[PDB]
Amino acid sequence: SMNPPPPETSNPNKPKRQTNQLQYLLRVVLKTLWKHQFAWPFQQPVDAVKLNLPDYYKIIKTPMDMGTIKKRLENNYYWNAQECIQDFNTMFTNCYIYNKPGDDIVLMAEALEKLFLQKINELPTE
């Protein structure tokens, strides 16, 4: 079995920006979710080989994880906050697509997503 290449975290062809909203996404949103007791499954791309999930990347064609998001923020990969918010939402949605309601991993995603929503509700104006 094989994992796909991880999502890119650098691309010199892609225009970059640092905005106050992106700074908030790193210092408040990512930091809060990253330290949570349920963060660990989301801190790296899913290793479908080690986890014996040979169907994971048959079902999930837009993988995303907080380790990737963290690196994208640190490397100023994004142009705007909406790009980064979309990556978070992709991560949560993938979890709900692949797994079953009530699975431990879904309960963990739901706890992180509640906090995500609480923080982005106070995203500062640009």
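Here the rigid core means the biggest group of C-alpha atoms that line up within 1.5 Å when the two forms are laid on top of each other. Sequential numbering from 1, following the sequence displayed.
Core-aligned, which moves more in 8 other deposited structures of this protein: 114-122 or 11-19, by CA RMS?
Clearly, after the core fit, the stretch farther away in 8 other deposited structures of this protein is 11-19.
Stretch exceeding the other in mean C-alpha B-factor - 109-117, 15-23:
Per the PDB entry, the higher value belongs to 15-23.
Taking only the CA atoms, which stretch has the higher mean B-factor in the record, 69-77 or 97-105?
Between 97-105 and 69-77, it is 97-105 that shows the higher mean C-alpha B-factor.
Residue with highest C-alpha B-factor in the PDB entry, from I60, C84, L53, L30:
Max CA B-factor in the entry, restricted to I60, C84, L53, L30: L53.
Chain thirds of CA B-factor: placement of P7:
Answer is lowest: the recorded C-alpha B-factor places it there.
Could you say whether, by C-alpha temperature factor, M91 belongs to the lowest, middle or highest third of its chain?
According to the entry, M91 has a C-alpha B-factor in the chain's lowest third.
Would you please rank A48 by its C-alpha temperature factor against the other modelled residues of its chain and give the third it falls in: lowest, middle or highest?
Highest third of the chain for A48's C-alpha B-factor.
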